[PDB]
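Comments concern the structure below.
Lettering of chains follows the sequences in order, A, B, ..., and the numbering in each one begins at 1.
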There are 2 protein chains.
Amino acid sequence: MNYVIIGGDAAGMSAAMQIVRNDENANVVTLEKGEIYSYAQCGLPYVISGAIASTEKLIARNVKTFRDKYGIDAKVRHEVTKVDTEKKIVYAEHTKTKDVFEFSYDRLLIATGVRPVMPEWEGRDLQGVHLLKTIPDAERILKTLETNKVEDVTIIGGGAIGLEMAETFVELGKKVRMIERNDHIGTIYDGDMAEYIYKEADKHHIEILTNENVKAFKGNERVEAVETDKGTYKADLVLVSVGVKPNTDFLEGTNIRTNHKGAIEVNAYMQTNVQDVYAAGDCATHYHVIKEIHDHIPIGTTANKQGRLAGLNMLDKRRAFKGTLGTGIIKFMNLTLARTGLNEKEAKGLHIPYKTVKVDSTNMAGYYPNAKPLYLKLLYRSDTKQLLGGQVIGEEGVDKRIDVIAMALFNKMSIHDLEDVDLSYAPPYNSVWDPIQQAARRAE
Amino acid sequence: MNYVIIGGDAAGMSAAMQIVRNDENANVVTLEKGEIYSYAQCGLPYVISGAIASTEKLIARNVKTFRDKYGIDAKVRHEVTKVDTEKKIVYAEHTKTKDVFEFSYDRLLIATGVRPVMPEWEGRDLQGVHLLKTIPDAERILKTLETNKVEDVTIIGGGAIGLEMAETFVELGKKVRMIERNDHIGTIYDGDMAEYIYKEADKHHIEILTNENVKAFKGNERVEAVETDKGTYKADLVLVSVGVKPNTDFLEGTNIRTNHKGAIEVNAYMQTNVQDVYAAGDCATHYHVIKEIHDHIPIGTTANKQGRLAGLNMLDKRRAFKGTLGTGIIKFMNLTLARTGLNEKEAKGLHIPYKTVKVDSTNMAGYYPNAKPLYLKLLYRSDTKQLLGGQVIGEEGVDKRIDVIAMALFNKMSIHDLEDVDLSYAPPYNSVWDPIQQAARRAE
Ligand SMILES: Cc1cc2nc3c(=O)[nH]c(=O)nc-3n(C[C@H](O)[C@H](O)[C@H](O)COP(=O)(O)OP(=O)(O)OC[C@H]3O[C@@H](n4cnc5c(N)ncnc54)[C@H](O)[C@@H]3O)c2cc1C
Ligand SMILES: Cc1cc2nc3c(=O)[nH]c(=O)nc-3n(C[C@H](O)[C@H](O)[C@H](O)COP(=O)(O)OP(=O)(O)OC[C@H]3O[C@@H](n4cnc5c(N)ncnc54)[C@H](O)[C@@H]3O)c2cc1C
Ligand SMILES: CC(C)(COP(=O)(O)OP(=O)(O)OC[C@H]1O[C@@H](n2cnc3c(N)ncnc32)[C@H](O)[C@@H]1OP(=O)(O)O)[C@@H](O)C(=O)NCCC(=O)NCCS
Ligand SMILES: CC(C)(COP(=O)(O)OP(=O)(O)OC[C@H]1O[C@@H](n2cnc3c(N)ncnc32)[C@H](O)[C@@H]1OP(=O)(O)O)[C@@H](O)C(=O)NCCC(=O)NCCS
Ligand SMILES: NC(=O)c1ccc[n+]([C@@H]2O[C@H](COP(=O)([O-])OP(=O)(O)OC[C@H]3O[C@@H](n4cnc5c(N)ncnc54)[C@H](O)[C@@H]3O)[C@@H](O)[C@H]2O)c1
Ligand SMILES: NC(=O)c1ccc[n+]([C@@H]2O[C@H](COP(=O)([O-])OP(=O)(O)OC[C@H]3O[C@@H](n4cnc5c(N)ncnc54)[C@H](O)[C@@H]3O)[C@@H](O)[C@H]2O)c1
């Protein structure tokens, strides 16, 4: 009967849809801190570039639909500040009036996602210093682009948001610099594959500063410079994209177990250790198919999967989450960057004995016009030969190959079994042996 | 030590390479009727269109390479006319001098592939009436185009070659007509998916004549008209594109078992019923993963796989062929046409209880620019839900989806298991749920 969901996006609303469809007697209350439900965070960098007309295009399902069509009591501007899991009561503040509302539950779902991290640097609050998470976040970047003379842009963090936004700011015709604490950008990539990223950014005149630590943002009313341990550089707009943190702060005091980064531990059924409390999405842990422990790889695909499952499991339609593979894909200028399963640092960290194969080949028949380079790397166990991970980088046909590799990892295939799959071939799409199959043959 | 291989292309030479690499003592004789080894039949339609410079670009490995680098005794213009399996002797006739040569073997592989069928119509032999199989075939088609004023082109048979060449002739700026014996072109496609094919052809002004039967080709020294049961049409060049027959004729009188089509029956290890005789490629049968029966789906991916395997098995490096899935992919004008596993006709013929799901979707996030329609159909067992087959049609992202479906079929996945795979998502590549997963959700 009484279902409460905290967070009105991918994981939360996937759960809501499941409950609503499979229980007519259910009273669904969803509590969202912001004013916007079910939107596509993935489209943000492409709204900022101007490729998409507006942020309005990123709304998947508006609140009126949730209320009128599905009978969900979708609350906006309700921030949850406390949960009493014993009395089964959720306490929410109104973000404007600051008045306090309570919501009784039979089953609770926490789907509060993650927020971007802003390190405690001087000048972090200066105008023109931006994090990117939400539609308003994007609009505030658009405001800085609209109302100011922006020519130099500095990005802190050479990960997923930093890479895509480097494209966006290049496309908007800015002089882009990226500052990365670690040894290379695309840190989820092995050293040898990361080289391809550095070449592409270099080619488009993106200054990459590696092993460099930001100390302060300098400026008056606005940012005008970024100070590091190695120098001070003019900046008209600073994007901070240095990772994220689970929105699980408000749970301190509930006995709900979290891992070291604050992600809520869930079992196969999206259940926490506390009775009738569930979690899903970026705020939760993600059982890893290959690592065989609970990881934290916050991503939209996983969030919808976990959200859907949490909903079903809350209805007692028992269904286990099979896990993440750590898949990820990024468009970066002319390159597509794809990975899945284990990279070399993950395999090493786990003390799993592995070997690698790397093939430089083409996306399609070498004789065909506009066949393009494809760089493909695979990891596999030394003993059993079980496929462990893949990294694919190139201009075209990269998403295809990572999806096939993901399929192989999901099914725990040996690397040599790939040789046997009847994958498709015609000249405009592949070679008579797919690059994955050629790599598999090179394997021991 | 004495290995004899009949056929110098994909299946035959894949076998040759395995033997050569894994037995330094071996005497390999390969017997090829034509003059060209290891070439890409797949690139022929794209040579004729002018997209590829010449047929030279289609040679993967030279006979000179085979002889000098690998020490294979590669024979050209050697047509095998009979085999004595008791004496272990192969009889080859030189195609020019007509001289007969004997070759004794310890182990024999037959890799003679298939040949295009020319029905016994009047006018068969008129200049400008062409089959397409070989590089000389391609050259003859170009010879007609160079020396003859070609305006109207008529293609007989609306299968794989008819489809690709219909594009090739359109691109060369010709008026193209297609005449098909049964109800629709792309007969391997279900009626409902085939609609998309005749919409694309129509769009490009390709006349499709269905349930219509060629009666004769009319003309002087050269072809000038095609005659059917329904009319007579101007044609300056006729491509006959009506299917293929195994080149196994010369084995009559041996006890080597063939299926009804004349394809040579092989066990897991590419062995025929006759001691020390092996077969591989288009001339042999193809165990079907889903049908669980020996099929005949002649294709180059399978040919190379079977060839490689025959070579290994001939060396007593025992390895079973896992089967075909009947995967096929075609570029047709602006469409990519892909299928794998069972269609409805195949499932019905086998009396496997099945159901279907069809999704009209996009290749990538619906809000992203130039996201294109994607039409996707899946068949699955009504009882176990085992995935049985897929058909995918659209302008982009089709090869990706069919490869993923192929992976699912190879691993005998249930249709709903697809929902659980961590497939890649970013906006330029996919939607947060892949079309395959959305189809899977609709399934019972
Ligand atoms: C720029 C960008 C690009 C991305 N691109 C991709 C991509 O290409 N592919 C991909 O798979 N993923 C991508 N992602 C990630 C993906 O968008 C997220 O993984 C997904 O949104 C997670 O869903 P969720 O429901 O767990 O969390 P969110 O979507 O973050 O939803 C959590 C919601 O909970 C609310 N909330 C938080 N705390 C409270 C509280 N105390 N009380 C009430 N409500 C609260 C928040 O307001 C928020 O709306 C991208 C993210 C960004 C920022
Ligand atoms: C136009 C066209 C496009 C194609 N496109 C694709 C595609 O996109 N993707 C794909 O996977 N496949 C494609 N194929 C099919 C693919 O090329 C074949 O399946 C593959 O070549 C089969 O290899 P094979 O070694 O079994 O037979 P073949 O390649 O046909 O080789 C057999 C050889 O044996 C020789 N031979 C025959 N009889 C004798 C004899 N009596 N004595 C001595 N030698 C003999 C022949 O001369 C021939 O060279 C295409 C085919 C054509 C015609
Ligand atoms: C060209 C042809 C002889 C290829 O033979 P092949 O054995 O598949 O390929 P190669 O001879 O190049 O060797 C591949 C082997 O070398 C190894 N290898 C290749 N490159 C390597 C490298 N750079 N470093 C180390 N090893 C390598 C691979 O691991 C593979 O080993 P395996 O055969 O034990 O699995 C054969 O495909 C053919 O005749 N084709 C006709 C053209 C065709 O394919 N037509 C059909 C089109 S539809
Ligand atoms: C929009 C959102 C609510 C979608 O919820 P959803 O349940 O996945 O999708 P729908 O509500 O459309 O329902 C789909 C269900 O209806 C069924 N269905 C869909 N179309 C159908 C049709 N035409 N006929 C019959 N059944 C249909 C499906 O089989 C599916 O069934 P299941 O839920 O039992 O598997 C959710 O994804 C969301 O809020 N997302 C936020 C945006 C986002 O995804 N962000 C992250 C991007 S990185
Ligand atoms: N298409 C995609 O997969 C995609 C795209 C964009 C965003 N996202 C989502 O957003 C989340 C967060 O993105 P993100 O880029 O903020 O995190 P991230 O983990 O992708 O990138 C963080 C980067 O910042 C670096 N860093 C940390 N501290 C730093 C410092 N002090 N100075 C300089 N660099 C520092 C890290 O080394 C790392 O390279 C991802 O986990 C993902 O869920 C996904
Ligand atoms: N990309 C690819 O997969 C691809 C492309 C080209 C060729 N090929 C290979 O070539 C082989 C044969 O190609 P194909 O196109 O010759 O055969 P096919 O089976 O693909 O097409 C034959 C077509 O001819 C029709 N037909 C038969 N008799 C007819 C008649 N009397 N009048 C009119 N139509 C008639 C059939 O109904 C069928 O539609 C395929 O099996 C495949 O191995 C594959």
Pick from [options]: which one has the most heavy-atom pairs with chain B under 4.5 Å?
options: A/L58, A/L418, A/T301, A/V289; value: A/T301
options: A/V398, A/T336, A/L409, A/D434; value: A/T336
options: A/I52, A/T340, A/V404, A/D403; value: A/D403

Top contributor to chain A interface from B/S424, B/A406, B/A426 [non-hydrogen pairs under 4.5 Å]: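 Highest number of pairs under 4.5 Å: B/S424.
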Most contacts with chain A, counted as non-hydrogen pairs under 4.5 angstrom, among B/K331, B/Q437, B/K322, B/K57: B/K331
With a 4.5 angstrom heavy-atom cut-off, which part of [X] approaches chain B: side chain, backbone, both or neither?
X: A/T302; result: side chain
X: A/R308; result: side chain
X: A/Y46; result: side chain
X: A/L325; result: both
X: A/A408; result: both
X: A/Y429; result: both

Greater than 12 external heavy atoms within 6.0 Å of A/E396's CD: no
B/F321-B/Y287 aromatic ring centre distance below 6.0 Å: no
Aromatic centroids of B/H286 and B/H294 separated by under 6.0 Å: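 Not under 6.0 Å, so no.
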B/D422 side-chain N/O to A/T324 backbone N/O, donor-acceptor pair under 3.5 Å: no
Main-chain N/O of B/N334 paired to B/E167 side chain as donor or acceptor, under 3.5 Å: no
Atom group of B/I329 that falls short of 4.5 Å from chain A, counting heavy atoms: both
Chain A contact via B/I405 - which portion, at a heavy-atom distance below 4.5 Å: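 The answer is neither part of B/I405.
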Axial cation check for B/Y269 ring with B/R318, 6.0 Å and 45° limits: yes
Shortest non-hydrogen contact from A/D420 toward B/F410: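 Nearest heavy atoms, A/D420 then B/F410: O-CE1, 3.6 Å.
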Considering all heavy atoms, the nearest A/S431-A/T362 contact: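 So the minimum-distance heavy-atom pair works out to OG-OG1, 4.0 Å.
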Sidechain N-carboxylate O distance under 4.0 Å for B/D399, A/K400: yes
